[PDB]
């Protein structure tokens, strides 16, 4: 696929996967779009989508209780509510906007576990995603291990189904859309590569082997039709570091291609 994207791989010593489709211009850009990467926290809005797809109003307002023992690493929001519980919508908010890991687990559990969520996503057309573990084990990202992986094209396409297509009732679609727009963890990634005044919804991820991902939707200023985008990346070494600038630069290249 795209040639400036290839240069980024050498610059940052990574394997890079990119898929972006401009729904207005009817054009896409891709690079290694069918190669597997660990999705890490980017699964969270897909789990929220599946919840908003399959649960009743009552089920969304139901209080979910959990114990101190249930808390996994990095659970800033859920660790505040052990005694009283949280609703699925509050859990969704925490998972998407703060990347709360226990919130991720509560979503997986609500959907019947990773394998059941996988089956739900199969049924809306995602033939690619392979889900198996809970947080934080799902972040391992061992190369060649299929567990908890997808591709840039599949992540983008499935996000598109929930956010832009008709899988969700319009009211619930807006709830998900606003959680993504109000994400707090992505300022240095896709958001950093988009012009001022454009609206972005996104979900970031980070994990083993230097994995660094961001998926989202970009609405160019002026009511233009949206661009769906997924950027995934990983490195050779188990304890490798990532560089957020990779994601910003990939975004800039995508927009140069799509918008020109």
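Positions refer to the first chain, counted from 1.
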Legend entry - Given 122-130 and 148-156, the range whose Cα B-factors average higher in the PDB entry: 122-130
Inset, instruction - Between 34-42 and 52-60, name whichever shows the higher mean Cα B factor according to the PDB entry. - result: 52-60
Inset, instruction - Name the residue from 16, 246, 20, 240 with the greatest C-alpha temperature factor listed in the entry. - result: 240
Inset, instruction - Identify, among 212, 191, 235, 203, the residue whose C-alpha carries the highest B-factor in the deposited PDB entry. - result: 235
Legend entry - Where the record places residue 216 (Cα B-factor, split into thirds across the chain): lowest
Inset, instruction - Using the B-factors in the PDB entry, rank residue 82's C-alpha atom against the chain and give the third, lowest, middle or highest. - result: highest
Legend entry - Chain-wide C-alpha B factor ranking for residue 88, given as lowest, middle or highest third: highest
Legend entry - CA B-factor placement of residue 71, once the chain's modelled residues are sorted into thirds: highest
